[PDB]
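Heads up, the chain below is alone and in the form deposited in one PDB entry; it's given as structure tokens.
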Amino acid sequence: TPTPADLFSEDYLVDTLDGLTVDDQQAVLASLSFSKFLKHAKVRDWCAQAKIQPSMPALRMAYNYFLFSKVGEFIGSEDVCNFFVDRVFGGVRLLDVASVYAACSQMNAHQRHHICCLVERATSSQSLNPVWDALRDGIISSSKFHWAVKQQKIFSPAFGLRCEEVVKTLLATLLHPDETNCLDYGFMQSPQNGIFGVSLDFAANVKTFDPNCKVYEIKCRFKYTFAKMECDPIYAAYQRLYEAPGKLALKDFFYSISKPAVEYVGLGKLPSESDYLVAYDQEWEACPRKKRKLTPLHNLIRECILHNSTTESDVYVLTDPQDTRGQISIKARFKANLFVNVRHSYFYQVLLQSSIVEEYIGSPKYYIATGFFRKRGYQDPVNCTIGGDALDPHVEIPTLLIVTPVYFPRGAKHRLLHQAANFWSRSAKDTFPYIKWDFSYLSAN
């Protein structure tokens, strides 16, 4: 930030990021982003010409070359650049943007695919990776997708992570202990357009990308934290759920707070965006409440609901470690007619991820895994264990684990992808006018 790096210079990054911490480094790398790339003088001059009309994903691929040329040595992977020179550049170390772009525009789909894989593997460190901040810039990531679809930036000038790891430990140790899984995924760019990008949290049963595996998106709920106090309605509802695991006691639990994770959606009614779980069966209704109707202007919603109202969630009540001397395991497992809210952000995020996993394969099963946590109490064991693994004494305690399947109608998946891609284009044009963008091939890819 005080020492912004140049993507077009032989200066050594390492020379500038030895001292800094793992967090000031990312700030230094945050200046090697796509946005900063586009606004570079070398790139402006090149674009200023009357012939040059840059398209995607060619321009993203060019960017990848320069980025990994700059940070190759730092992250300890020179494979990306080695492939660019070996297979794309005819064996020449291209240094000018005009020539790098030309060579990039002559890549086939198999070659873009190969780069994006190499990039995913080189960033499988995730947050621990300082390039993460440079890479995710200018791209529609899973967390920007929903926003991008509603046209509601893209280019720019933790405790929660500890809880996700807990949910991950749960899935790896308790659900899929007898299978080979993958706990670490890097940043995954779209090889076909270079405007979308994601990373996966966890995958079970992967071959030694696997189209037959199970991909989990890991989330966390905290609104259902409770102190172990007699008077506490949440705690009380929890005790009933803990002793009598089932839909009825689950309902009471969910509704023990003002703003529940589950919403009852009646016939011809429009689901709100309040939370990520819906129920269509009236058995989940509590008190009659007005609800906007599903008008003919909601065929998207209706199509998505159509394909997400059959396969039920799996609810896992976890053993309280206070009663089990530390060990946290599955006390009870039951199914529930609760489904993913297709209008909630979580639906979109897993939608993008499923789309991108497709490109890296050319179907796997997709689930949202959500852990419900509570703050530790004075009598909670400090050193808890989950199967073999241990639990961080500083992280909250998981009480519930709900796994919910997600399905994506091809027709809805497409319109949403294309809507976001258009917002990206309009933003690209507005943010970088000096660039005579060529989106002809984009509107069709």
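Heads up, when I say rigid core I mean the largest set of C-alphas that superpose within 1.5 Å between the two forms. When you see a residue number, it is the position in the sequence shown, counting from 1.
What follows is about the form deposited in another entry, which we do not show.
So which one of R112, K168, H344, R374 actually moves, Cα shift of 2 Å or more between this form and the one not shown once the core is superposed?
Single residue meeting the criterion: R374.
Establish whether a shift of 2 Å or more occurs at the C-alpha of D232 between this form and the one not shown, with the two forms superposed on the rigid core.
Yes, its C-alpha moves 2 Å or more.
On a core-based superposition, does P433 travel 2 Å or more at its Cα between this form and the one not shown?
No; that C-alpha moves by less than 2 Å between this form and the one not shown.
Take the rigid core as the frame of reference and indicate whether the C-alpha of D11 shifts by 2 Å or more between this form and the one not shown.
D11: C-alpha displaced by less than 2 Å between this form and the one not shown.
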